[PDB]
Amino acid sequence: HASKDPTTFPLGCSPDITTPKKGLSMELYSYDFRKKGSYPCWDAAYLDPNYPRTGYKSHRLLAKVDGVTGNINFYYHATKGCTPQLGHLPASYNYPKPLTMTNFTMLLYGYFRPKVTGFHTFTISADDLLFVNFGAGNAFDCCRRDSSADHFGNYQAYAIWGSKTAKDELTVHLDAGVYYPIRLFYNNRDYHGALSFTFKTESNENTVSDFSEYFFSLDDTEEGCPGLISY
């Protein structure tokens, strides 16, 4: 160089006849540096309170893909600060092309399906930013993302590199086989990048990092697909 509030007992969704499709949807957007000579060289727009809501959409759209699943963690090691440098996302992201891994924004959305009924703790870390919404309402409404995408509530967990919250966790009680809306919003402002998203349950001692049997996409429907299990 559902209510929008985060909760420990989130609401979930009950899909009907159509088989859920594997994986999350992802959108990729540009995130330019500031003009040469600026101090610092990186743009602080990523921290504007509405950047994850409306601001990101004013940047150049790079891609929109389906079927993102597996292990979505990555570490991108840059060689120079203040410089756009190319790299590739892991194959799990279904995006073959190079992108500026030093400086970009990424949105992932869809549903998390548990295998365990009970408490789950999701652990996150990021360079630079990962904001997580989770649950109907807090993320978006069941099979009604089209009317609720931009209306997510306060984050269930968030991580900001360099901050007092560089890693974070969310503990929620979930029901096996129910589909929970999830939104992951990521940014790299400069230099190295990293995303880590894993979970554990009170059940066993394994950390889950491969979401192949956990992330799904559901079609929106006129009436929605609110969870039919809770009572």
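In this text, residue numbers run from 1 along the sequence as written.
Might you work out how many residues are unmodelled in the deposited sequence between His1 and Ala2, and answer none, 1 to 3, 4 to 9, or 10 or more?
10 or more residues are missing.
Read off the CA B-factors in the entry, average them over 66 to 74 and over 39 to 47, and name the higher stretch.
Higher of the two, by average CA B-factor, is 39 to 47.
Comparing 104 to 112 with 143 to 151, which has the greater mean CA B-factor as deposited?
Taking the mean C-alpha B-factor of 104 to 112 and of 143 to 151, the larger value falls to 143 to 151.
Can you tell me which of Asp175, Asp32, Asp168, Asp190 has the maximum CA B-factor listed in the PDB entry?
The listed residue with the largest C-alpha B-factor is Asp32.
Would you mind checking where the Cα B-factor of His59 ranks among the modelled residues of its chain, as the lowest, middle or highest third?
Middle third by C-alpha B-factor.
By the record's CA B-factor, is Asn138 among the lowest, middle or highest third of residues in the chain?
CA B-factor rank for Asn138: middle third.
Rank-wise, by C-alpha B-factor, drop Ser25 into the lowest, middle or highest third of its chain.
Lowest third.
Pull the Cα B-factor of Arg53 out of the PDB entry and bin it into the chain's lowest, middle or highest third.
It belongs to the middle third of the chain when residues are ordered by C-alpha B-factor.
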